[PDB]
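A.B. asks: Sharing a structure with you now.
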Amino acid sequence: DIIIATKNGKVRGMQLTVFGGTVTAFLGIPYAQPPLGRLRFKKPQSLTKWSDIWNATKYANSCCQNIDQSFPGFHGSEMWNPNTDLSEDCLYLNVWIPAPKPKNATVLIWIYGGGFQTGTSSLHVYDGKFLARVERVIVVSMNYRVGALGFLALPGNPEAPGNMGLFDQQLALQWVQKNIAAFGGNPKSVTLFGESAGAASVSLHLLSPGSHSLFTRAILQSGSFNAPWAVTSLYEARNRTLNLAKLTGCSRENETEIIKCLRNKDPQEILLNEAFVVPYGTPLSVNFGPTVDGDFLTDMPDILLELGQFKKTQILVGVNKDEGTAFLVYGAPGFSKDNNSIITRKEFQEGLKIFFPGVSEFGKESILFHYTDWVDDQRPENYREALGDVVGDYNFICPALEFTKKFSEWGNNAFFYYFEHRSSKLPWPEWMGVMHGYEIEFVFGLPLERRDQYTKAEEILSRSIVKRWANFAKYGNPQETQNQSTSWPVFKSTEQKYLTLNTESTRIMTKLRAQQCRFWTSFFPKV
Ligand SMILES: *[C@@H]1O[C@H](CO[C@H]2O[C@@H](C)[C@@H](O)[C@@H](O)[C@@H]2O)[C@@H](O[C@@H]2O[C@H](CO)[C@@H](O)[C@H](O)[C@H]2NC(C)=O)[C@H](O)[C@H]1NC(C)=O
Ligand SMILES: *[C@@H]1O[C@H](CO[C@H]2O[C@@H](C)[C@@H](O)[C@@H](O)[C@@H]2O)[C@@H](O[C@@H]2O[C@H](CO)[C@@H](O)[C@H](O)[C@H]2NC(C)=O)[C@H](O)[C@H]1NC(C)=O
Ligand SMILES: *[C@@H]1O[C@H](CO[C@H]2O[C@@H](C)[C@@H](O)[C@@H](O)[C@@H]2O)[C@@H](O)[C@H](O)[C@H]1NC(C)=O
Ligand SMILES: *[C@@H]1O[C@H](CO)[C@@H](O)[C@H](O)[C@H]1NC(C)=O
Ligand SMILES: *[C@@H]1O[C@H](CO)[C@@H](O)[C@H](O)[C@H]1NC(C)=O
Ligand SMILES: *[C@@H]1O[C@H](CO)[C@@H](O)[C@H](O)[C@H]1NC(C)=O
Ligand SMILES: [Cl-]
Ligand SMILES: [Cl-]
Ligand code: NA
């Protein structure tokens with residue numbers, strides 16, 4: 001039996017057999033007062049404290065969220081849907097530790113993505129027992145409110161200040177600060193890691209004064225706060241708060257009245273209207289996201305970044321080779337997971353209308369002009385390939401590279417990867433390539449599990465990634481030093497070296513998507 005005593009009371013874990021060894025798991029530890037009733041839309045509150053033993057033996061409630069019903073029965077989508085009850089009472093976290101209990105272990109904390117609208121810590125691809133077994137790190141992960149319940153904003157008004165999900169994440173990091181020593185962890189060696197909205201959250205904690213001292217280093221997988229989807233302008237954030245009041249018959253005149261009303265709606269009514277607070281949605285819509293709230297975020301983050309106002313530490317940042325493909329099947333014309341999706345020029349342009357709602361006509365000719373200069377053959381898959389690249393370069397790859405450049409210029413070591421392995425088990429079709437989100441299972445070590453049907457080359461790839469992630473966290477340097485591996489060079493402005501992660505040869509290259517990001521980063525924001 002394994003009981004640990006925490007500042008707020010005792011908690012009982014659960015032993016797990018992993019690869020002939022053992023990990024202890026504490027699944028479902030509360031970290032804040034449940035945000036119900038009068039606390040809906042408010043910053044998370046401190047935990048009352050309990051006598052008697054809290055059992056942390058199963059995942060807890062996922063936070064309320066809309067579900068992907070686009071492909072019922074389909075593992076490719078359904079693997080991202082919550083696998084525990086939805087409930088507004090979802091502020092819990094998980095701790096996997098190695099056995100025997102470690103003495104002063106480096107801690108990894110995962111922050112999931114999901115567009116800030118969806119996600120949960122209990123997905124099978126975020127299961128931290130492989131890491132803890134194999135690398136003897138402690139892994140922590142938390143649920144944080146998403147959608148309007150998480151990011152609804154009415155600026156300056158503490159009934160609904162915005163950024164509540166980010167305060168959820170932040171209060172989980174405090175919990176780790178106060179508590180992880182008792183589990184054998186080193187509060188002085190904490191690395192945050194996250195993918196997509198989770199990565200963007202990691203980068204905002206790098207800008208938040210309140211987070212400065214709740215962690216050591218950071219890993220950003222396919223996301224960063226300067227991505228076009230990542231921060232809602234104060235303008236939009238109120239237009240949206242109002243369209244939601246309106247939509248739920250909660251329009252008022254006193255704004256604290258609007259919120260009192262919204263607190264009486266029942267969660268389904270809020271979720272149901274979220275998709276409509278925007279007149280034109282894209283498959284990449286983030287209707288309720290982070291804002292400049294004057295609290296968590298003190299200024300537009302583009303400015304903090306440019307002027308070097310952020311935590312000085314090392315970062316590991318990377319992207320997948322076909323970031324944009326996943327989204328094309330959620331609304332782009334002539335695209336389907338059940339066929340090769342050869343599209344025509346006319347469909348390409350309609351595609352751009354879907355992804356770039358408005359966006360002038362010249363805006364969209366300029367994208368087409370940059371991306372449809374065929375070299376050449378013809379090449380029926382030209383327009384299909386080009387639309388995915390447009391979507392991936394704009395939304396993920398260029399914002400990641402730009403973030404890494406800028407961050408690196410204030411003098412910190414920074415490492416950049418380019419993930420280009422397609423999982424042998426991937427359920428989406430071949431033309432979608434190395435999709436967004438499909439490096440996560442390599443990082444968490446799922447292919448280390450031989451019973452699971454991955455190739456040999458996959459097990460090895462994952463073994464090396466896990467090592468590089470762990471070395472980054474413990475040492476600030478993502479080398480794999482033993483098996484004559486390629487040395488991962490720091491990313492400097494000027495040379496802009498990066499490391500490729502694939503099953504055959506990993507290599508050092510320079511200047512990923514140089515022409516494309518010059519277009520995205522320098523020219524496009526003007527239009
Ligand atoms: C800011 O909000 C207004 C609000 O309009 C919205 O009403 C909501 C309840 C919601 O159902 C939503 O679908 C609806 O659009 C937006 O104004 C709208 O703009 C379009 C044309 O651009 C009109 O044809 C709509 O009918 C119009 N509605 C009203 C009542 O004016 C507005 O566009 C939006 N601004 C943005 C894009 O941020
Ligand atoms: C690949 O499929 C797309 C997607 O939509 C289709 O799914 C198919 C597998 C098919 O069974 C069909 O029932 C379904 O509509 C096809 O695009 C569609 O093309 C048809 C042609 O008449 C249009 O009318 C549809 O509007 C359009 N679908 C939408 C809503 O986007 C596509 O043609 C097909 N392409 C191939 C085989 O290369
Ligand atoms: C546990 O180790 C503590 C310090 O180790 C960390 O130093 C940090 C600055 C950071 O770079 C981490 O990556 C290092 O691992 C030490 O001061 C504590 O007193 C130790 N406590 C124990 C052994 O219980
Ligand atoms: C916690 O679970 C254990 C299972 O062995 C049990 O001994 C204890 O009574 C539990 N407390 C409950 C059910 O709240
Ligand atoms: C709006 O109503 C709230 C809630 O009772 C109240 O605190 C506030 O003073 C009101 N604002 C004004 C004066 O318009
Ligand atoms: C080193 O390579 C060997 C195979 O020769 C393998 O058994 C081992 O797991 C590797 N270590 C790492 C950290 O990749
Ligand atoms: Cl034309
Ligand atoms: Cl190698
Ligand atoms: Na131009």
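Naming works like this for the structure tokens: A, B, ... for the chains as they're shown, residue 1 at the start of each chain, ligands 1 onward in shown order.
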Using only C-alpha atoms and all ligand atoms, determine which residues fall within 7 Å of ligand 3, then list them as a PyMOL selection string.
C.D. replies: chain A and resi 103-104+106+186+188-189+216+474-475
A.B. asks: Deliver the residues from the most recent selection as a file, using N, CA and C atoms, as an mmCIF file, in the first residue's frame.
C.D. replies:
data_model
loop_
_atom_site.group_PDB
_atom_site.id
_atom_site.type_symbol
_atom_site.label_atom_id
_atom_site.label_comp_id
_atom_site.auth_asym_id
_atom_site.auth_seq_id
_atom_site.Cartn_x
_atom_site.Cartn_y
_atom_site.Cartn_z
ATOM 1 N N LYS A 103 14.522 9.782 -5.403
ATOM 2 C CA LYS A 103 14.971 10.678 -4.346
ATOM 3 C C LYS A 103 14.749 12.168 -4.654
ATOM 4 N N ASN A 104 15.064 12.582 -5.878
ATOM 5 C CA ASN A 104 14.938 13.989 -6.222
ATOM 6 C C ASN A 104 14.820 14.054 -7.757
ATOM 7 N N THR A 106 13.624 14.705 -11.636
ATOM 8 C CA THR A 106 13.185 15.758 -12.551
ATOM 9 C C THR A 106 11.732 15.494 -12.935
ATOM 10 N N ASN A 186 11.758 16.795 -7.688
ATOM 11 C CA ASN A 186 12.516 18.028 -7.505
ATOM 12 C C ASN A 186 11.795 19.253 -8.067
ATOM 13 N N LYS A 188 12.608 22.034 -8.163
ATOM 14 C CA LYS A 188 13.625 22.890 -8.777
ATOM 15 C C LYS A 188 14.018 22.386 -10.177
ATOM 16 N N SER A 189 13.514 21.206 -10.552
ATOM 17 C CA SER A 189 13.716 20.671 -11.870
ATOM 18 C C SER A 189 12.409 20.283 -12.542
ATOM 19 N N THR A 216 11.250 25.239 -14.605
ATOM 20 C CA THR A 216 12.613 25.411 -15.083
ATOM 21 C C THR A 216 12.723 25.644 -16.616
ATOM 22 N N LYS A 474 16.182 17.153 -17.628
ATOM 23 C CA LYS A 474 17.078 17.050 -16.486
ATOM 24 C C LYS A 474 18.258 17.990 -16.732
ATOM 25 N N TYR A 475 18.734 18.072 -17.990
ATOM 26 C CA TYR A 475 20.021 18.745 -18.217
ATOM 27 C C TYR A 475 20.012 19.986 -19.111
#
A.B. asks: Could I get the residues of chain A with an atom no further than 12 Å from an atom of ligand 7, each paired with its nearest atom pair and that distance in Å to one decimal, using only C-alpha atoms and all ligand atoms, sorted by chain and residue number, as a Markdown table?
C.D. replies:
| residue | atom | partner | partner_atom_place_in_ligand_line | distance |
| --- | --- | --- | --- | --- |
| A:344 | CA | ligand 7 | 1 (Cl) | 11.5 |
| A:345 | CA | ligand 7 | 1 (Cl) | 8.1 |
| A:346 | CA | ligand 7 | 1 (Cl) | 7.9 |
| A:347 | CA | ligand 7 | 1 (Cl) | 11.3 |
| A:348 | CA | ligand 7 | 1 (Cl) | 10.8 |
| A:349 | CA | ligand 7 | 1 (Cl) | 8.8 |
| A:350 | CA | ligand 7 | 1 (Cl) | 11.6 |
| A:361 | CA | ligand 7 | 1 (Cl) | 11.9 |
| A:364 | CA | ligand 7 | 1 (Cl) | 11.4 |
| A:365 | CA | ligand 7 | 1 (Cl) | 8.8 |
| A:368 | CA | ligand 7 | 1 (Cl) | 9.6 |
| A:369 | CA | ligand 7 | 1 (Cl) | 10.3 |
| A:372 | CA | ligand 7 | 1 (Cl) | 11.4 |
A.B. asks: Would you mind exporting N, CA and C atoms of the selected residues as a compact mmCIF listing (two decimals), in the first residue's frame?
C.D. replies:
# COMPACT_ATOMS: atom_id res chain seq x y z
N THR A 344 -9.04 20.24 -57.56
CA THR A 344 -8.75 21.11 -58.69
C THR A 344 -8.41 22.51 -58.20
N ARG A 345 -7.82 23.30 -59.10
CA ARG A 345 -7.59 24.69 -58.84
C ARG A 345 -8.81 25.38 -58.23
N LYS A 346 -10.00 25.14 -58.79
CA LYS A 346 -11.20 25.85 -58.32
C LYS A 346 -11.56 25.48 -56.88
N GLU A 347 -11.25 24.23 -56.51
CA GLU A 347 -11.46 23.72 -55.15
C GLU A 347 -10.42 24.28 -54.15
N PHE A 348 -9.18 24.35 -54.62
CA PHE A 348 -8.10 25.01 -53.90
C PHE A 348 -8.54 26.38 -53.46
N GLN A 349 -9.16 27.13 -54.38
CA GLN A 349 -9.51 28.52 -54.08
C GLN A 349 -10.68 28.60 -53.13
N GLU A 350 -11.56 27.60 -53.23
CA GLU A 350 -12.72 27.55 -52.35
C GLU A 350 -12.15 27.16 -51.00
N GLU A 361 -9.66 39.75 -51.15
CA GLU A 361 -9.53 38.93 -52.33
C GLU A 361 -8.07 38.87 -52.74
N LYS A 364 -6.02 36.48 -50.68
CA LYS A 364 -6.08 35.11 -51.13
C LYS A 364 -5.43 34.86 -52.47
N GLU A 365 -5.39 35.85 -53.37
CA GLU A 365 -4.62 35.63 -54.63
C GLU A 365 -3.12 35.44 -54.25
N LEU A 368 -2.27 32.05 -53.21
CA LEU A 368 -2.34 31.17 -54.32
C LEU A 368 -1.12 31.36 -55.16
N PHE A 369 -0.72 32.60 -55.34
CA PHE A 369 0.43 32.92 -56.17
C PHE A 369 1.70 32.33 -55.59
N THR A 372 1.28 28.13 -55.65
CA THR A 372 0.86 27.34 -56.81
C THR A 372 1.75 27.60 -57.99
A.B. asks: Please check which protein, DNA or RNA residues sit within 8 Å of ligand 9, counting only C-alpha atoms and all ligand atoms, and write them as a list in words.
C.D. replies: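 The residues within 8 Å of ligand 9, counting only C-alpha atoms and all ligand atoms, are residues 366, 519, 523 and 524 of chain A.
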A.B. asks: Let's have the selection written as a short mmCIF file (atom, residue, chain, number, x, y, z; two decimals), in the first residue's frame, with C-alpha atoms.
C.D. replies:
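The new file result.cif reads:
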data_model
loop_
_atom_site.label_atom_id
_atom_site.label_comp_id
_atom_site.auth_asym_id
_atom_site.auth_seq_id
_atom_site.Cartn_x
_atom_site.Cartn_y
_atom_site.Cartn_z
CA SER A 366 -1.28 36.23 -52.90
CA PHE A 519 5.77 35.02 -47.13
CA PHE A 523 4.33 39.92 -46.08
CA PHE A 524 0.95 38.29 -45.19
#
A.B. asks: Please identify all protein, DNA and RNA residues within 12 Å of ligand 2, counting only C-alpha atoms and all ligand atoms, and report them as a PyMOL selection string.
C.D. replies: chain A and resi 328-344+347-348+350-351+354+380-381+384+431
A.B. asks: Convert the current residue selection to file output with N, CA, C and O atoms, as a short mmCIF file (atom, residue, chain, number, x, y, z; two decimals), in the first residue's frame.
C.D. replies:
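The resulting selection.cif:
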data_model
loop_
_atom_site.label_atom_id
_atom_site.label_comp_id
_atom_site.auth_asym_id
_atom_site.auth_seq_id
_atom_site.Cartn_x
_atom_site.Cartn_y
_atom_site.Cartn_z
N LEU A 328 -8.13 19.52 -43.32
CA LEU A 328 -8.73 19.70 -44.64
C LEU A 328 -10.00 18.89 -44.78
O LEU A 328 -10.85 19.23 -45.59
N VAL A 329 -10.15 17.83 -43.98
CA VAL A 329 -11.31 16.95 -44.09
C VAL A 329 -12.50 17.41 -43.24
O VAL A 329 -13.56 16.76 -43.22
N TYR A 330 -12.32 18.54 -42.57
CA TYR A 330 -13.36 19.15 -41.79
C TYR A 330 -13.88 20.38 -42.50
O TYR A 330 -14.21 21.38 -41.86
N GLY A 331 -13.98 20.33 -43.81
CA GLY A 331 -14.73 21.39 -44.45
C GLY A 331 -14.19 21.86 -45.78
O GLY A 331 -14.84 22.65 -46.47
N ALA A 332 -13.00 21.41 -46.17
CA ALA A 332 -12.48 21.81 -47.47
C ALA A 332 -13.10 20.94 -48.57
O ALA A 332 -13.14 19.69 -48.44
N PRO A 333 -13.58 21.59 -49.66
CA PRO A 333 -14.34 20.92 -50.72
C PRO A 333 -13.50 19.92 -51.48
O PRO A 333 -12.36 20.20 -51.81
N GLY A 334 -14.06 18.73 -51.73
CA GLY A 334 -13.36 17.70 -52.49
C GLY A 334 -12.33 16.95 -51.67
O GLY A 334 -11.57 16.15 -52.23
N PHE A 335 -12.30 17.19 -50.36
CA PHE A 335 -11.36 16.48 -49.46
C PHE A 335 -12.03 15.36 -48.70
O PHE A 335 -13.14 15.56 -48.18
N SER A 336 -11.40 14.21 -48.60
CA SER A 336 -12.03 13.13 -47.83
C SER A 336 -11.00 12.17 -47.28
O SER A 336 -9.99 11.93 -47.94
N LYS A 337 -11.25 11.60 -46.11
CA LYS A 337 -10.31 10.58 -45.60
C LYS A 337 -10.53 9.25 -46.32
O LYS A 337 -9.67 8.36 -46.30
N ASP A 338 -11.65 9.13 -47.03
CA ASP A 338 -11.93 7.86 -47.70
C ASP A 338 -11.57 7.85 -49.18
O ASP A 338 -12.04 6.97 -49.91
N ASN A 339 -10.73 8.81 -49.63
CA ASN A 339 -10.18 8.83 -51.02
C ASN A 339 -9.01 9.78 -51.15
O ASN A 339 -8.77 10.59 -50.27
N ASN A 340 -8.27 9.67 -52.25
CA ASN A 340 -7.01 10.40 -52.38
C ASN A 340 -7.14 11.92 -52.54
O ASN A 340 -6.15 12.62 -52.58
N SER A 341 -8.35 12.43 -52.65
CA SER A 341 -8.60 13.86 -52.51
C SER A 341 -7.88 14.75 -53.51
O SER A 341 -7.65 15.92 -53.19
N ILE A 342 -7.52 14.21 -54.68
CA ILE A 342 -7.03 15.02 -55.78
C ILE A 342 -8.02 16.13 -55.93
O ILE A 342 -9.16 15.86 -56.23
N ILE A 343 -7.65 17.38 -55.70
CA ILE A 343 -8.58 18.49 -55.95
C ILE A 343 -8.14 19.36 -57.12
O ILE A 343 -7.00 19.26 -57.62
N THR A 344 -9.04 20.24 -57.56
CA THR A 344 -8.75 21.11 -58.69
C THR A 344 -8.41 22.51 -58.20
O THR A 344 -8.72 22.89 -57.07
N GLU A 347 -11.25 24.23 -56.51
CA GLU A 347 -11.46 23.72 -55.15
C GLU A 347 -10.42 24.28 -54.15
O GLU A 347 -10.76 24.67 -53.00
N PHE A 348 -9.18 24.35 -54.62
CA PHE A 348 -8.10 25.01 -53.90
C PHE A 348 -8.54 26.38 -53.46
O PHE A 348 -8.39 26.72 -52.28
N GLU A 350 -11.56 27.60 -53.23
CA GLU A 350 -12.72 27.55 -52.35
C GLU A 350 -12.15 27.16 -51.00
O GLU A 350 -12.58 27.68 -49.97
N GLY A 351 -11.16 26.25 -51.02
CA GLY A 351 -10.49 25.84 -49.78
C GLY A 351 -9.98 27.04 -49.02
O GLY A 351 -10.14 27.14 -47.78
N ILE A 354 -12.48 28.86 -47.19
CA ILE A 354 -12.83 28.17 -45.93
C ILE A 354 -11.82 28.51 -44.85
O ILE A 354 -12.18 28.89 -43.75
N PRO A 380 -1.12 15.58 -60.43
CA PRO A 380 -2.52 15.77 -60.08
C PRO A 380 -2.70 16.13 -58.62
O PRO A 380 -3.73 16.69 -58.25
N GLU A 381 -1.72 15.79 -57.79
CA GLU A 381 -1.82 16.04 -56.34
C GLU A 381 -1.29 17.41 -55.94
O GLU A 381 -1.18 17.71 -54.75
N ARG A 384 -3.84 19.60 -53.91
CA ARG A 384 -4.08 18.89 -52.65
C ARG A 384 -2.89 19.09 -51.68
O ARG A 384 -3.10 19.41 -50.49
N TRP A 431 -2.34 10.09 -47.83
CA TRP A 431 -2.04 11.38 -48.42
C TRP A 431 -1.96 12.42 -47.33
O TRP A 431 -1.56 13.56 -47.60
#
A.B. asks: Select from region 8-233 of chain A everything DSSP, run on the backbone, classes as alpha helix (DSSP H), then give the selection as a compact mmCIF listing (two decimals) with N, CA and C atoms, in the first residue's frame.
C.D. replies:
# COMPACT_ATOMS: atom_id res chain seq x y z
N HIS A 75 -11.38 5.62 -35.31
CA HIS A 75 -10.34 5.82 -34.32
C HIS A 75 -9.49 7.12 -34.53
N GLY A 76 -9.15 7.45 -35.79
CA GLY A 76 -8.41 8.66 -36.11
C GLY A 76 -8.96 9.89 -35.43
N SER A 77 -10.28 10.03 -35.30
CA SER A 77 -10.81 11.23 -34.63
C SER A 77 -11.18 10.94 -33.23
N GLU A 78 -11.73 9.76 -33.05
CA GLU A 78 -12.36 9.46 -31.79
C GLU A 78 -11.33 9.27 -30.71
N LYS A 129 3.13 6.66 -17.60
CA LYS A 129 3.85 5.51 -17.06
C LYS A 129 5.07 5.01 -17.93
N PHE A 130 5.04 5.09 -19.24
CA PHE A 130 6.29 4.71 -19.91
C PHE A 130 7.49 5.60 -19.55
N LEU A 131 7.34 6.91 -19.68
CA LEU A 131 8.34 7.88 -19.21
C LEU A 131 8.87 7.60 -17.79
N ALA A 132 7.98 7.30 -16.87
CA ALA A 132 8.38 7.19 -15.47
C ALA A 132 9.17 5.87 -15.33
N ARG A 133 8.67 4.82 -15.96
CA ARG A 133 9.38 3.56 -15.92
C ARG A 133 10.79 3.69 -16.53
N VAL A 134 10.82 4.16 -17.77
CA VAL A 134 12.02 4.12 -18.61
C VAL A 134 13.02 5.19 -18.22
N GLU A 135 12.59 6.41 -17.92
CA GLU A 135 13.53 7.49 -17.67
C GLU A 135 13.65 7.90 -16.20
N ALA A 148 -15.85 28.25 -23.41
CA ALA A 148 -16.27 29.44 -22.73
C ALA A 148 -16.12 29.29 -21.23
N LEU A 149 -16.35 28.10 -20.71
CA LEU A 149 -16.19 27.92 -19.29
C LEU A 149 -14.75 28.19 -18.89
N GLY A 150 -13.82 28.10 -19.84
CA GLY A 150 -12.40 28.35 -19.59
C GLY A 150 -11.86 29.71 -20.02
N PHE A 151 -12.45 30.32 -21.02
CA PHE A 151 -11.81 31.50 -21.57
C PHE A 151 -12.74 32.67 -21.92
N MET A 164 -9.11 31.76 -17.62
CA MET A 164 -9.33 30.92 -16.44
C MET A 164 -8.66 29.57 -16.57
N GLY A 165 -8.72 28.98 -17.76
CA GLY A 165 -8.01 27.72 -18.02
C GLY A 165 -6.52 27.85 -17.79
N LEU A 166 -5.97 29.00 -18.14
CA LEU A 166 -4.52 29.22 -17.92
C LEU A 166 -4.22 29.34 -16.41
N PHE A 167 -5.11 29.98 -15.65
CA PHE A 167 -4.99 29.91 -14.20
C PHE A 167 -5.20 28.52 -13.62
N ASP A 168 -6.06 27.73 -14.23
CA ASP A 168 -6.12 26.33 -13.82
C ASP A 168 -4.72 25.69 -13.97
N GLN A 169 -4.13 25.77 -15.19
CA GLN A 169 -2.80 25.23 -15.41
C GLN A 169 -1.85 25.82 -14.37
N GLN A 170 -1.87 27.14 -14.21
CA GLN A 170 -0.97 27.78 -13.26
C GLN A 170 -1.14 27.26 -11.84
N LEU A 171 -2.36 27.01 -11.41
CA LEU A 171 -2.56 26.53 -10.03
C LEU A 171 -2.12 25.06 -9.89
N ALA A 172 -2.27 24.26 -10.95
CA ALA A 172 -1.65 22.93 -10.93
C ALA A 172 -0.12 22.98 -10.78
N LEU A 173 0.55 23.93 -11.44
CA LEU A 173 2.00 24.11 -11.27
C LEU A 173 2.35 24.54 -9.81
N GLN A 174 1.54 25.39 -9.18
CA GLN A 174 1.75 25.66 -7.77
C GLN A 174 1.71 24.41 -6.95
N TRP A 175 0.71 23.56 -7.23
CA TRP A 175 0.46 22.33 -6.49
C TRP A 175 1.72 21.46 -6.56
N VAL A 176 2.28 21.37 -7.76
CA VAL A 176 3.54 20.68 -7.94
C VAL A 176 4.63 21.38 -7.18
N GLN A 177 4.68 22.70 -7.19
CA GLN A 177 5.70 23.40 -6.39
C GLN A 177 5.60 23.00 -4.90
N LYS A 178 4.45 23.28 -4.28
CA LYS A 178 4.20 22.87 -2.88
C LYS A 178 4.33 21.37 -2.55
N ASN A 179 3.96 20.47 -3.47
CA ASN A 179 3.72 19.05 -3.14
C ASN A 179 4.64 17.97 -3.68
N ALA A 197 -2.64 23.59 -28.69
CA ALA A 197 -3.01 24.62 -27.70
C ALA A 197 -2.20 24.44 -26.41
N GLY A 198 -1.81 23.21 -26.12
CA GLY A 198 -0.97 22.94 -24.96
C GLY A 198 0.42 23.58 -25.05
N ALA A 199 0.99 23.57 -26.26
CA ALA A 199 2.29 24.18 -26.56
C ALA A 199 2.11 25.69 -26.46
N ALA A 200 1.04 26.20 -27.05
CA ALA A 200 0.80 27.62 -26.95
C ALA A 200 0.69 28.01 -25.45
N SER A 201 0.04 27.17 -24.63
CA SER A 201 -0.05 27.47 -23.22
C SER A 201 1.34 27.46 -22.64
N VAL A 202 2.22 26.59 -23.15
CA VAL A 202 3.53 26.49 -22.51
C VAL A 202 4.22 27.82 -22.76
N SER A 203 4.07 28.33 -23.98
CA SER A 203 4.75 29.56 -24.33
C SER A 203 4.14 30.72 -23.57
N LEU A 204 2.86 30.68 -23.17
CA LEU A 204 2.33 31.85 -22.47
C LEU A 204 2.83 31.83 -21.06
N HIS A 205 3.09 30.65 -20.52
CA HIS A 205 3.63 30.60 -19.17
C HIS A 205 5.06 31.19 -19.21
N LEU A 206 5.73 31.13 -20.38
CA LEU A 206 7.07 31.70 -20.50
C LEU A 206 6.96 33.20 -20.43
N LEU A 207 5.80 33.75 -20.80
CA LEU A 207 5.55 35.19 -20.66
C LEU A 207 4.83 35.65 -19.38
A.B. asks: Which residues are near ligand 4 in this structure, taking near to mean any atom at most 12 Å from a ligand atom and counting only C-alpha atoms and all ligand atoms? Format them as a list in words.
C.D. replies: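 Counting only C-alpha atoms and all ligand atoms, the residues within 12 Å of ligand 4 come out as residues 1, 2, 3, 10, 11, 12, 13, 14, 51, 52, 53, 54, 55, 56, 57 and 58 of chain A.
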A.B. asks: Which residues are near ligand 6 in this structure, taking near to mean any atom at most 9 Å from a ligand atom and counting only C-alpha atoms and all ligand atoms? Format them as a list in words.
C.D. replies: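 Within the 9 Å cut-off, the matching residues are residues 460, 461, 462, 463, 464, 465, 466, 467, 468, 480, 481, 482, 483, 484 and 485 of chain A.
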A.B. asks: Which distance in Å separates atom 14 (O, counted along the ligand's line) of ligand 5 and CA of residue 276 (chain A), to one decimal?
C.D. replies: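 Those two atoms sit 28.4 Å apart.
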A.B. asks: Using only C-alpha atoms, determine which residues lie at most 12 Å from residue 283 (chain A), disregarding the query and same-chain residues fewer than 4 positions distant; provide the list as a VMD selection string.
C.D. replies: chain A and resid 68 70 115 229 275 287 324 to 332 351 to 357 391 395
A.B. asks: Could you list the protein, DNA and RNA residues that have any atom within 10 Å of ligand 1, counting only C-alpha atoms and all ligand atoms, and write them as a ChimeraX atom specification?
C.D. replies: /A:233,235-249,273-281,357-358
A.B. asks: Pick out the residues no farther than 7 Å from ligand 5, counting only C-alpha atoms and all ligand atoms, and list them as an MDAnalysis selection string.
C.D. replies: chainID A and resid 254:257
A.B. asks: Could you dump the residues just selected with N, CA and C atoms as a PDB file, in the first residue's frame?
C.D. replies:
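Generated file (selection29.pdb):
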ATOM      1  N   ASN A 254     -26.272  45.763 -17.574  1.00  0.00           N
ATOM      2  CA  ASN A 254     -25.235  45.613 -16.569  1.00  0.00           C
ATOM      3  C   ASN A 254     -24.544  44.320 -16.969  1.00  0.00           C
ATOM      4  N   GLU A 255     -23.214  44.342 -17.044  1.00  0.00           N
ATOM      5  CA  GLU A 255     -22.462  43.176 -17.527  1.00  0.00           C
ATOM      6  C   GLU A 255     -22.265  42.105 -16.474  1.00  0.00           C
ATOM      7  N   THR A 256     -22.296  42.497 -15.203  1.00  0.00           N
ATOM      8  CA  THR A 256     -22.259  41.527 -14.129  1.00  0.00           C
ATOM      9  C   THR A 256     -23.593  40.797 -14.126  1.00  0.00           C
ATOM     10  N   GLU A 257     -24.621  41.464 -14.650  1.00  0.00           N
ATOM     11  CA  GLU A 257     -25.918  40.826 -14.877  1.00  0.00           C
ATOM     12  C   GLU A 257     -25.792  39.759 -15.993  1.00  0.00           C
TER      13      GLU A 257
END
A.B. asks: Find the spatial neighbours of residue 267 (chain A), counting only C-alpha atoms, within a cut-off of 12 Å - ignore same-chain residues fewer than 3 positions away - and output them as number ranges by chain.
C.D. replies: A: 36-37, 40-41, 63-66, 86-89, 147-149, 248, 262-264, 270-274
A.B. asks: Which of these, A:299, A:504, A:195, A:322, has the shortest distance to ligand 8 once you count only C-alpha atoms and all ligand atoms?
C.D. replies: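 Among the listed residues, A:504 lies closest to ligand 8.
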